[PDB]
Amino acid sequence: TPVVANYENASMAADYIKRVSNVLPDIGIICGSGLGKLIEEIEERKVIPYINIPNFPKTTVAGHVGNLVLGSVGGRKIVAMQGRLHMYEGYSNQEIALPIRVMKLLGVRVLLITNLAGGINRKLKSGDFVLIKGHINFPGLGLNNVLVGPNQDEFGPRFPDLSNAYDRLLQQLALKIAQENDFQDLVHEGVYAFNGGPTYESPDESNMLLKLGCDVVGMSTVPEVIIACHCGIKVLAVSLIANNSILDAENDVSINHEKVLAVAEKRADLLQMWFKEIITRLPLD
């Protein structure tokens, strides 16, 4: 239609997934542009095309990969979205919410998210990591919040509070692992601005974001964070900085997706190892 991300429809998708894999996952992962290699290293993995799963959103107009992958990483049972849904593609609120709510029904209690983002804070360099500690949701302020529509009461409340959407203990664990491996000099914390996209933030938008307290800006993540928070899934979200948009504005330097993907390639293996250790270590609560 697209179908509504309701209890019945999410249950039908979860039923199918449980029949095709015997994996009851505890952790969900959604990976940023060029940051998906960990999904290829899931052990005893089961690849389920979105197109095979009842009620999953149609992704053939955008094309490219679209699989749910289940298996084990670091002794833990996980489910990954291989082929992230971005709202700049035109996916509706219901299409974004359904896969996360299916994760919830499958057993997911922690969602780990990566993205590629532009740096606003002057401290940030290309290749740095930012642990996201809060956000500025321009679509949400502007009546395009991912939860606009009827509330699905079986998943969560009509009015979620987002002040604890980014779990503090998970940020602390991520930082501890970076310190153990001596890459903590790459790791910052910051506020993520959600630019709906798909045009990169303009130079004057970047300057505005700096004035408003934003540390990084990107086109993803906040919708999934909100759906997860609504249904009680804890979240860790990490941005990989492709560029510093404030410096680029001052120096008339352009940004493009090829530059973004080159930064992703430069940090992909380190991010994979970091997230593998996070998965192995995160409290089995």
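A residue's number is simply how far along the shown sequence it sits, counting from 1.
Enquirer: Which is higher in the entry, the mean Cα B factor of 74-82 or that of 100-108?
Expert: Comparing averages over the C-alpha atoms only gives 74-82.
Enquirer: Compare the mean C-alpha B-factor of 227-235 with that of 44-52 as given in the PDB entry, and name the stretch with the higher value.
Expert: Mean CA B-factor is higher for 44-52.
Enquirer: Among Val146, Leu116, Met87, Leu173, single out the one with the highest C-alpha B factor in the record, please.
Expert: When the deposited C-alpha B-factors of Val146, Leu116, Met87, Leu173 are compared, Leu173 is largest.
Enquirer: Would you mind checking which of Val217, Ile246, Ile27, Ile39 has the top Cα temperature factor in the PDB entry?
Expert: Highest C-alpha B-factor among the listed options: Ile39.
Enquirer: Among the modelled residues of its chain, does the C-alpha B-factor of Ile255 lie in the lowest, middle or highest third?
Expert: As the PDB entry reports it, the C-alpha B-factor of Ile255 lands in the highest third of its chain.
Enquirer: Within this chain's modelled residues, let me know which third the CA B factor of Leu68 belongs to: lowest, middle or highest.
Expert: Ranked within chain, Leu68 CA B lands in the middle tercile.
Enquirer: When the modelled residues of the chain are sorted by Cα temperature factor, does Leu169 land in the lowest, middle or highest third?
Expert: As the PDB entry reports it, the C-alpha B-factor of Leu169 lands in the highest third of its chain.
Enquirer: So where's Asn207 on the chain's Cα temperature factor ranking, which third?
Expert: For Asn207, whose C-alpha B-factor we compare with every modelled residue in the chain, the answer is the middle third.
Enquirer: Is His188 in the lowest, middle or highest third of its chain when residues are ranked by C-alpha B-factor?
Expert: Answer is middle: the recorded C-alpha B-factor places it there.
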